[PDB]
């Protein structure tokens, strides 16, 4: 029932958990408390798909076994700048160096 997620936007990554029964809107309330932006001015995404405020995380594919504490599911976040909404963009993490020779 518990899911663990990474809500991400640009170079911001919020680690948080919720329930499969919880709705997308309740997840937006959590983003609001942290980042001080109201649910109406945020868009949450699963991959490239917008998530409707009323639907549960379980219905949108977030399950206890895909959103694991040691491997959380990524949820995209996009804010509204005055009139329009920004496009979804997630800055990747740094890349590791090539495997050392003694490890290949």
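For the two forms, the rigid core is made up of the largest set of C-alpha atoms that agree within 1.5 Å on superposition. Residue numbers count along the first chain shown, from 1.
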Query raised in the report: Fitting on the core, do the C-alphas of 11-19 or of 80-88 deviate more in 6 other deposited structures of this protein?
Result: 80-88
Query raised in the report: Where do the C-alpha atoms have the higher mean temperature factor in this entry, in 81-89 or in 12-20?
Result: 81-89
Query - Given 68-76 and 48-56, the range whose Cα B-factors average higher in the PDB entry - result: 48-56
Query raised in the report: Ranked by Cα temperature factor within the chain, is residue 102 in the lowest third, the middle third or the highest third?
Result: highest
